[PDB]
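Dumped protein.cif below, it's mmCIF, C-alpha atoms and all ligand atoms:
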```
data_final
loop_
_atom_site.label_atom_id
_atom_site.label_comp_id
_atom_site.auth_asym_id
_atom_site.auth_seq_id
_atom_site.Cartn_x
_atom_site.Cartn_y
_atom_site.Cartn_z
CA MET A 1 -11.47 -20.14 -15.61
CA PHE A 2 -11.29 -16.66 -14.19
CA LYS A 3 -10.32 -14.03 -16.75
CA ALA A 4 -8.83 -11.31 -14.46
CA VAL A 5 -7.32 -10.66 -11.04
CA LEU A 6 -8.13 -7.31 -9.45
CA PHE A 7 -5.40 -6.27 -7.03
CA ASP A 8 -5.50 -4.02 -4.04
CA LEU A 9 -2.20 -2.13 -3.67
CA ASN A 10 -1.56 -1.40 -0.01
CA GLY A 11 -1.71 -4.71 1.84
CA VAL A 12 -1.32 -6.92 -1.22
CA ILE A 13 1.31 -5.73 -3.73
CA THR A 14 3.27 -3.76 -1.08
CA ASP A 15 2.28 -1.78 1.93
CA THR A 16 2.94 1.93 2.54
CA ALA A 17 0.61 2.21 5.55
CA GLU A 18 3.62 3.29 7.65
CA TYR A 19 4.21 6.32 5.40
CA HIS A 20 0.50 7.18 5.30
CA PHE A 21 0.51 6.99 9.11
CA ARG A 22 3.62 9.13 9.54
CA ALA A 23 2.30 11.80 7.12
CA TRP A 24 -1.05 11.90 8.96
CA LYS A 25 0.63 12.15 12.39
CA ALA A 26 2.88 14.95 11.12
CA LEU A 27 -0.16 16.86 9.81
CA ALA A 28 -2.05 16.42 13.09
CA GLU A 29 0.99 17.60 15.02
CA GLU A 30 1.32 20.68 12.73
CA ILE A 31 -2.20 21.71 13.42
CA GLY A 32 -2.08 20.96 17.13
CA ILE A 33 -4.18 17.81 17.38
CA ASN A 34 -3.42 15.15 19.96
CA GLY A 35 -4.13 11.46 19.56
CA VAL A 36 -3.12 10.44 16.04
CA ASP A 37 -1.23 7.35 17.21
CA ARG A 38 -0.83 3.84 15.78
CA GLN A 39 -4.02 2.61 17.45
CA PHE A 40 -6.03 5.53 16.11
CA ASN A 41 -4.58 4.95 12.64
CA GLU A 42 -6.55 1.64 12.51
CA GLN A 43 -9.59 3.89 11.97
CA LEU A 44 -7.72 5.56 9.04
CA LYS A 45 -6.26 2.82 6.86
CA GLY A 46 -9.11 1.56 4.65
CA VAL A 47 -10.60 5.07 4.60
CA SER A 48 -10.15 7.70 1.86
CA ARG A 49 -7.80 10.70 1.99
CA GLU A 50 -10.72 13.07 2.65
CA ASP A 51 -12.43 10.78 5.15
CA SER A 52 -9.08 10.29 6.95
CA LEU A 53 -8.59 14.04 7.44
CA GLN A 54 -12.18 14.41 8.58
CA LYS A 55 -11.69 11.77 11.32
CA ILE A 56 -8.59 13.55 12.56
CA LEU A 57 -10.46 16.89 12.67
CA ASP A 58 -13.44 15.25 14.41
CA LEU A 59 -11.13 13.87 17.04
CA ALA A 60 -10.35 17.45 18.10
CA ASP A 61 -13.86 18.81 17.37
CA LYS A 62 -12.02 21.10 14.95
CA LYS A 63 -13.94 22.91 12.19
CA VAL A 64 -12.21 24.27 9.09
CA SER A 65 -13.14 26.10 5.93
CA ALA A 66 -13.63 24.06 2.79
CA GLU A 67 -10.50 25.77 1.41
CA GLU A 68 -8.50 24.97 4.58
CA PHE A 69 -9.56 21.31 4.31
CA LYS A 70 -8.27 20.95 0.76
CA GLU A 71 -4.96 22.59 1.81
CA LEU A 72 -4.44 20.22 4.75
CA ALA A 73 -5.09 17.14 2.56
CA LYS A 74 -2.63 18.45 -0.01
CA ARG A 75 0.03 19.07 2.64
CA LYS A 76 -0.32 15.49 3.95
CA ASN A 77 -0.17 14.11 0.41
CA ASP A 78 2.93 16.20 -0.54
CA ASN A 79 4.71 14.81 2.54
CA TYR A 80 3.59 11.21 1.79
CA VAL A 81 4.89 11.52 -1.79
CA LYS A 82 8.32 12.52 -0.50
CA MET A 83 8.40 9.45 1.75
CA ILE A 84 7.66 7.01 -1.09
CA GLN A 85 10.40 8.27 -3.41
CA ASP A 86 12.71 5.48 -2.25
CA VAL A 87 10.16 2.66 -2.80
CA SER A 88 11.90 0.01 -4.94
CA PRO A 89 11.33 -3.48 -6.40
CA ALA A 90 12.51 -4.89 -3.05
CA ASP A 91 9.26 -3.58 -1.55
CA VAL A 92 7.14 -5.96 -3.61
CA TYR A 93 5.36 -8.39 -1.22
CA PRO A 94 6.41 -12.05 -1.09
CA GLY A 95 5.15 -14.20 -3.98
CA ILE A 96 3.53 -11.24 -5.82
CA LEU A 97 6.05 -10.81 -8.64
CA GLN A 98 5.91 -14.54 -9.46
CA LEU A 99 2.10 -14.44 -9.38
CA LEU A 100 2.00 -11.52 -11.80
CA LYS A 101 4.39 -13.40 -14.08
CA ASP A 102 2.22 -16.57 -13.96
CA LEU A 103 -1.05 -14.68 -14.58
CA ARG A 104 0.42 -12.84 -17.56
CA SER A 105 1.87 -16.10 -18.84
CA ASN A 106 -1.68 -17.60 -18.74
CA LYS A 107 -3.21 -14.52 -20.36
CA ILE A 108 -5.17 -13.63 -17.24
CA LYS A 109 -5.78 -9.88 -17.06
CA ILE A 110 -4.17 -7.90 -14.28
CA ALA A 111 -5.78 -4.71 -12.96
CA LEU A 112 -5.14 -2.40 -9.98
CA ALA A 113 -8.11 -1.63 -7.75
CA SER A 114 -6.45 0.75 -5.30
CA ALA A 115 -8.14 3.63 -3.50
CA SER A 116 -4.78 5.51 -3.70
CA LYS A 117 -4.10 8.15 -6.32
CA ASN A 118 -0.39 7.35 -5.82
CA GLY A 119 -1.01 3.83 -7.17
CA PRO A 120 0.55 4.41 -10.62
CA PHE A 121 3.70 6.01 -9.19
CA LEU A 122 4.18 3.14 -6.76
CA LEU A 123 3.90 0.53 -9.56
CA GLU A 124 6.61 2.47 -11.46
CA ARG A 125 8.87 2.56 -8.41
CA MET A 126 8.46 -1.24 -7.94
CA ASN A 127 9.01 -1.84 -11.70
CA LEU A 128 5.56 -3.48 -12.06
CA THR A 129 3.92 -1.10 -14.62
CA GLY A 130 4.44 -3.54 -17.50
CA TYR A 131 2.38 -6.31 -15.81
CA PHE A 132 -0.76 -4.19 -15.31
CA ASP A 133 -3.34 -4.31 -18.07
CA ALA A 134 -5.09 -1.37 -16.43
CA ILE A 135 -5.26 0.79 -13.32
CA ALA A 136 -8.69 1.86 -12.05
CA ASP A 137 -8.65 5.60 -11.38
CA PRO A 138 -10.00 6.30 -7.85
CA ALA A 139 -10.53 9.94 -8.85
CA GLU A 140 -13.06 8.89 -11.52
CA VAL A 141 -15.24 6.72 -9.23
CA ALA A 142 -18.21 8.04 -7.19
CA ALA A 143 -17.18 6.45 -3.89
CA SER A 144 -14.37 4.64 -2.12
CA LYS A 145 -14.40 1.09 -0.77
CA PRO A 146 -16.55 -0.51 0.59
CA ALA A 147 -18.47 0.68 -2.48
CA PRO A 148 -17.76 -1.82 -5.33
CA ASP A 149 -17.11 0.95 -7.84
CA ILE A 150 -13.34 0.67 -7.93
CA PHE A 151 -13.48 -3.16 -8.50
CA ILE A 152 -16.18 -2.76 -11.14
CA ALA A 153 -14.03 -0.14 -12.91
CA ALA A 154 -10.92 -2.32 -12.58
CA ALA A 155 -12.72 -5.26 -14.20
CA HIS A 156 -14.21 -3.17 -17.00
CA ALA A 157 -10.82 -1.53 -17.71
CA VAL A 158 -9.56 -4.93 -18.79
CA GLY A 159 -12.73 -5.98 -20.62
CA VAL A 160 -14.22 -8.45 -18.07
CA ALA A 161 -17.15 -8.54 -15.68
CA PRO A 162 -16.38 -8.85 -11.96
CA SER A 163 -18.15 -12.23 -12.07
CA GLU A 164 -15.23 -13.44 -14.21
CA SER A 165 -12.71 -11.97 -11.72
CA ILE A 166 -10.85 -12.71 -8.50
CA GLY A 167 -10.30 -9.81 -6.09
CA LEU A 168 -7.29 -9.77 -3.71
CA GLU A 169 -7.73 -7.60 -0.59
CA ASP A 170 -6.39 -7.04 2.94
CA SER A 171 -9.15 -4.97 4.61
CA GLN A 172 -12.82 -5.23 5.54
CA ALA A 173 -13.85 -2.37 3.22
CA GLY A 174 -11.83 -4.00 0.42
CA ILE A 175 -13.38 -7.46 0.88
CA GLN A 176 -16.89 -5.96 0.93
CA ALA A 177 -16.23 -3.94 -2.23
CA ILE A 178 -15.18 -7.15 -4.01
CA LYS A 179 -18.25 -9.02 -2.77
CA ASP A 180 -20.63 -6.28 -3.86
CA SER A 181 -18.90 -6.06 -7.28
CA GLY A 182 -19.74 -9.77 -7.82
CA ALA A 183 -16.06 -10.83 -8.04
CA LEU A 184 -14.58 -13.64 -5.91
CA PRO A 185 -12.63 -12.32 -2.86
CA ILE A 186 -9.55 -13.97 -1.49
CA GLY A 187 -8.34 -12.12 1.60
CA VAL A 188 -4.84 -11.95 3.04
CA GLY A 189 -4.22 -11.61 6.75
CA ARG A 190 -6.36 -12.28 9.78
CA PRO A 191 -10.11 -13.01 9.54
CA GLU A 192 -11.08 -10.11 11.82
CA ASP A 193 -9.31 -7.74 9.38
CA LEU A 194 -11.06 -9.25 6.34
CA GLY A 195 -14.60 -10.65 6.77
CA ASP A 196 -16.61 -13.89 6.50
CA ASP A 197 -17.59 -16.58 4.01
CA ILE A 198 -14.36 -16.03 2.09
CA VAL A 199 -11.10 -17.82 1.49
CA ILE A 200 -8.26 -16.30 3.54
CA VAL A 201 -4.50 -16.78 3.32
CA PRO A 202 -2.17 -15.72 6.16
CA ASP A 203 0.32 -13.95 3.84
CA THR A 204 0.86 -13.23 0.16
CA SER A 205 3.32 -16.13 -0.37
CA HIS A 206 0.13 -18.23 -0.42
CA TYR A 207 -1.29 -16.30 -3.41
CA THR A 208 -0.14 -18.64 -6.17
CA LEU A 209 -1.81 -19.26 -9.47
CA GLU A 210 -2.33 -22.93 -8.44
CA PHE A 211 -4.18 -21.83 -5.31
CA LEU A 212 -6.24 -19.21 -7.11
CA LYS A 213 -7.37 -21.79 -9.68
CA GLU A 214 -8.30 -24.33 -6.96
CA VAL A 215 -10.31 -21.72 -5.07
CA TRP A 216 -11.97 -20.70 -8.32
CA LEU A 217 -13.16 -24.25 -9.03
CA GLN A 218 -14.29 -24.68 -5.41
CA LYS A 219 -16.51 -21.59 -5.70
CA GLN A 220 -18.17 -22.39 -9.05
CA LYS A 221 -21.69 -23.85 -9.11
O1 LIG B 301 -6.69 0.78 -1.63
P1 LIG B 301 -5.32 0.57 -1.10
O2 LIG B 301 -4.26 0.24 -2.19
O3 LIG B 301 -5.31 -0.38 0.12
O4 LIG B 301 -4.77 1.98 -0.48
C1 LIG B 301 -5.45 2.47 0.69
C2 LIG B 301 -5.10 3.94 0.89
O5 LIG B 301 -5.75 4.76 -0.10
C3 LIG B 301 -6.28 5.94 0.47
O6 LIG B 301 -7.67 5.84 0.74
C4 LIG B 301 -5.99 7.14 -0.43
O7 LIG B 301 -4.62 7.10 -0.90
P2 LIG B 301 -3.89 8.44 -1.42
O8 LIG B 301 -4.00 9.43 -0.27
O9 LIG B 301 -2.50 8.00 -1.75
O10 LIG B 301 -4.70 8.90 -2.59
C5 LIG B 301 -5.59 6.04 1.82
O11 LIG B 301 -6.33 6.89 2.68
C6 LIG B 301 -5.53 4.57 2.22
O12 LIG B 301 -4.55 4.30 3.21
MG MG B 302 -5.64 -2.19 1.58
#
```
Go ahead and express the file in the form of structure tokens.
Amino acid sequence: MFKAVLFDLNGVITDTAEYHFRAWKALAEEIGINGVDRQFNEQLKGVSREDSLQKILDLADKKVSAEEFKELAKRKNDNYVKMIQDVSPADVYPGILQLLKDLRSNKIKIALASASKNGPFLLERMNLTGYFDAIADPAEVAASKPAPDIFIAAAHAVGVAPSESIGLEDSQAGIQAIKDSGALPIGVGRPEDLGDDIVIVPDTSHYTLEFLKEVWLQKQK
């Protein structure tokens, strides 16, 4: 049997992409950059805080000091944090709470493999802290998804190898990170947003323990 499930946050447990988007747009508008719209934000989502800012700057051919850059990222983050203060248990994605209950009931480890440093605060706001055996710290890994580092760390933080793990992701960079960790990906959403040679479910109501076990057995050799 698998021993752990490694969860993405945004796209799987909940999704705060709207707040990330609004904070980025607000920052761009403050510094006088045109074109940070919903279509552009598709380039931003599965990208890090620093890489997101850089893309926005590049869009304007705007150069900043290293100090300026840190200040702009902080400003966006401070604004984003304000927006997520009202996140509640009602923002947990369909089926997720029951899955976390069933995993814990079966003594399968639960770990967060988010690229977001606001991950722990969001789990608290959704009242999910207690279910998480560990939270990989994206500030203590050498690279963001699609590097496998965060999934490797997530697995290790609960005492398992990725090979003994299922990863749950919603993005291309996320799916690739899981693959390269050696864990088994199951994607949620549309194929073109996920990747190939994986099991995909259309929405998180399909992530049940029964399904995860069946997929596990299908993928063992
Ligand atoms: O890995 P997840 O849970 O999908 O979160 C993805 C988000 O994490 C980030 O890379 C960084 O998040 P923070 O800015 O909250 O630290 C965002 O740029 C991206 O939208
Ligand atoms: Mg995601």
Inset, instruction - Residues up to 9 Å from ligand LIG 301 (chain B), counting all atoms listed in the file: could you list those as a PyMOL selection string? - result: chain A and resi 7-17+20-21+44-53+73+76-77+80-81+112-119+138-139+144-145+169-171+174
Legend entry - Between atom CA of residue A:218 and atom CA of residue A:201, distance in Å (one decimal):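 Value for the atom CA of residue A:218-atom CA of residue A:201 distance: 15.3 Å.
From atom CA of residue A:33 back to atom CA of residue A:62, the distance works out to 8.8 Å.
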Inset, instruction - Go through A:94, A:189, A:89, A:182 one by one, measure the shortest atom-to-atom distance of each to residue A:128 using all atoms listed in the file, and give the residue with the smallest value. - result: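 Among the listed residues, the smallest separation from residue A:128 belongs to A:89.
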Inset, instruction - Would you mind listing what lies within 8 Å of residue A:186 as a VMD selection string, with all atoms listed in the file counted and same-chain residues fewer than 2 positions away left out? - result: chain A and resid 166 to 169 175 184 188 198 to 201
Inset, instruction - For each of A:162, A:187, A:202, A:32, take the minimum atom-to-atom distance to ligand MG 302 (chain B), counting all atoms listed in the file, then give the residue where this is smallest. - result: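 Going through A:162, A:187, A:202, A:32 one by one, the smallest distance to ligand MG 302 (chain B) is for A:187.
Distances to residue A:120 were evaluated for A:85, A:42, A:146, A:136 using all atoms listed in the file, and the minimum falls at A:136.
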Spatial neighbours of stretch 101-109 of chain A, 8 Å, only C-alpha atoms, chain gap at least 4 places, as an mmCIF file with C-alpha atoms, in the frame of the given file:
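File produced: around18.cif:
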```cif
data_model
loop_
_atom_site.group_PDB
_atom_site.id
_atom_site.type_symbol
_atom_site.label_atom_id
_atom_site.label_comp_id
_atom_site.auth_asym_id
_atom_site.auth_seq_id
_atom_site.Cartn_x
_atom_site.Cartn_y
_atom_site.Cartn_z
ATOM 1 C CA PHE A 2 -11.290 -16.660 -14.190
ATOM 2 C CA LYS A 3 -10.320 -14.030 -16.750
ATOM 3 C CA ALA A 4 -8.830 -11.310 -14.460
ATOM 4 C CA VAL A 5 -7.320 -10.660 -11.040
ATOM 5 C CA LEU A 97 6.050 -10.810 -8.640
ATOM 6 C CA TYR A 131 2.380 -6.310 -15.810
ATOM 7 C CA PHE A 132 -0.760 -4.190 -15.310
ATOM 8 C CA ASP A 133 -3.340 -4.310 -18.070
ATOM 9 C CA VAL A 158 -9.560 -4.930 -18.790
ATOM 10 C CA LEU A 209 -1.810 -19.260 -9.470
#
```
Legend entry - Nearest-residue call for ligand MG 302 (chain B), choices A:192, A:203, A:172, A:69, using all atoms listed in the file: A:172
Inset, instruction - Quick one: pull the distance between atom CA of residue A:178 and atom CA of residue A:93, Å, one decimal. - result: 20.8 Å
Inset, instruction - Rank A:206, A:217, A:35, A:176 by their smallest atom-to-atom distance to ligand MG 302 (chain B), using all atoms listed in the file, and report the top residue only. - result: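 Selected residue with least distance to ligand MG 302 (chain B): A:176.
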Inset, instruction - Find the residue from A:121, A:211, A:216, A:40 that sits nearest to residue A:165; use all atoms listed in the file when measuring. - result: A:216
Inset, instruction - Could you give me, as a ChimeraX atom specification, the residues that have an atom at most 10 Å away from the point (-1.4, 16.8, 10.7) in the coordinates of the file, using only C-alpha atoms? - result: /A:22-34,36,53,56-57,72-73,75-76
Atoms to include: C-alpha atoms. Write the selected residues as a PDB file, in the coordinates of the input.
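Result written to again.pdb:
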```
ATOM      1  CA  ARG A  22       3.620   9.130   9.540  1.00  0.00           C
ATOM      2  CA  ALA A  23       2.300  11.800   7.120  1.00  0.00           C
ATOM      3  CA  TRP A  24      -1.050  11.900   8.960  1.00  0.00           C
ATOM      4  CA  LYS A  25       0.630  12.150  12.390  1.00  0.00           C
ATOM      5  CA  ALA A  26       2.880  14.950  11.120  1.00  0.00           C
ATOM      6  CA  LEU A  27      -0.160  16.860   9.810  1.00  0.00           C
ATOM      7  CA  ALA A  28      -2.050  16.420  13.090  1.00  0.00           C
ATOM      8  CA  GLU A  29       0.990  17.600  15.020  1.00  0.00           C
ATOM      9  CA  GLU A  30       1.320  20.680  12.730  1.00  0.00           C
ATOM     10  CA  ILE A  31      -2.200  21.710  13.420  1.00  0.00           C
ATOM     11  CA  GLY A  32      -2.080  20.960  17.130  1.00  0.00           C
ATOM     12  CA  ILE A  33      -4.180  17.810  17.380  1.00  0.00           C
ATOM     13  CA  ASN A  34      -3.420  15.150  19.960  1.00  0.00           C
ATOM     14  CA  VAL A  36      -3.120  10.440  16.040  1.00  0.00           C
ATOM     15  CA  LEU A  53      -8.590  14.040   7.440  1.00  0.00           C
ATOM     16  CA  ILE A  56      -8.590  13.550  12.560  1.00  0.00           C
ATOM     17  CA  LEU A  57     -10.460  16.890  12.670  1.00  0.00           C
ATOM     18  CA  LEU A  72      -4.440  20.220   4.750  1.00  0.00           C
ATOM     19  CA  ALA A  73      -5.090  17.140   2.560  1.00  0.00           C
ATOM     20  CA  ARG A  75       0.030  19.070   2.640  1.00  0.00           C
ATOM     21  CA  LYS A  76      -0.320  15.490   3.950  1.00  0.00           C
TER      22      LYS A  76
END
```
Give the centre and edge lengths of an axis-aligned box, in Å to one decimal, that holds all listed atoms of stretch 121-125 of chain A with 4 Å on each side, as AutoDock Vina command-line options.
```
--center_x 6.3 --center_y 3.3 --center_z -9.1 --size_x 13.2 --size_y 13.5 --size_z 12.7
```
